[PDB]
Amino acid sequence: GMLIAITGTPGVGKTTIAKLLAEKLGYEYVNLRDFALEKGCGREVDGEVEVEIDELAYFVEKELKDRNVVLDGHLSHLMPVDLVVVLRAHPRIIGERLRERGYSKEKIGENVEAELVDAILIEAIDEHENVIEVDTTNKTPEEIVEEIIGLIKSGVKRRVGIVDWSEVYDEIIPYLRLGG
């Protein structure tokens, strides 16, 4: 089986890209949160869902083993997958999107900073050898998916270090948590 993880900062487009990719690849889409709820790992309290990661990794290993799956979630790179795809975007884009979602100023700020410092990418590289980083900036989901499939078909198992958001730092200052 082939298990592909799609991760990155909230708002970056994980779900969009995962659905389109799973359809185009002929794989099956699995949202990690819902899967966590089904196996009884996840408990949903008003309205967030708390899970224990080792359990979720256990179940993912058990059930999906064995399958062709595009796994969607910001925890997906912590799962025992074959390949990790880390989506990146200009942190201002993250800020605007999370702003449209109705997140708090502090939460928006933390996730924008999270994209600024490459948090997810660093986690992924720590967890897996096979990690493909993709910049979503100024791209359609179509272009992004064809880029990913193209790299897999090359095949390239590892590409990292393709964005440095420090260069755009000033542009994202309005979203950051700088307040005394």
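Don't overthink the numbering: it's just position in the shown sequence, from 1.
- Look at the mean CA B-factor for 146-154 and for 108-116 in the entry; the higher one is 146-154.
- Comparing the deposited coordinates for 59-67 and 35-43, the stretch with the larger average C-alpha B-factor is 59-67.
- The PDB entry assigns its highest CA temperature factor, among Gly179, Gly8, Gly1, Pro174, to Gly1.
- Among the modelled residues of its chain, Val51 has a C-alpha B-factor that falls in the highest third, as given in the PDB entry.
- When the CA B factors of the chain's modelled residues are split into thirds, the value for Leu25 lands in the highest one.
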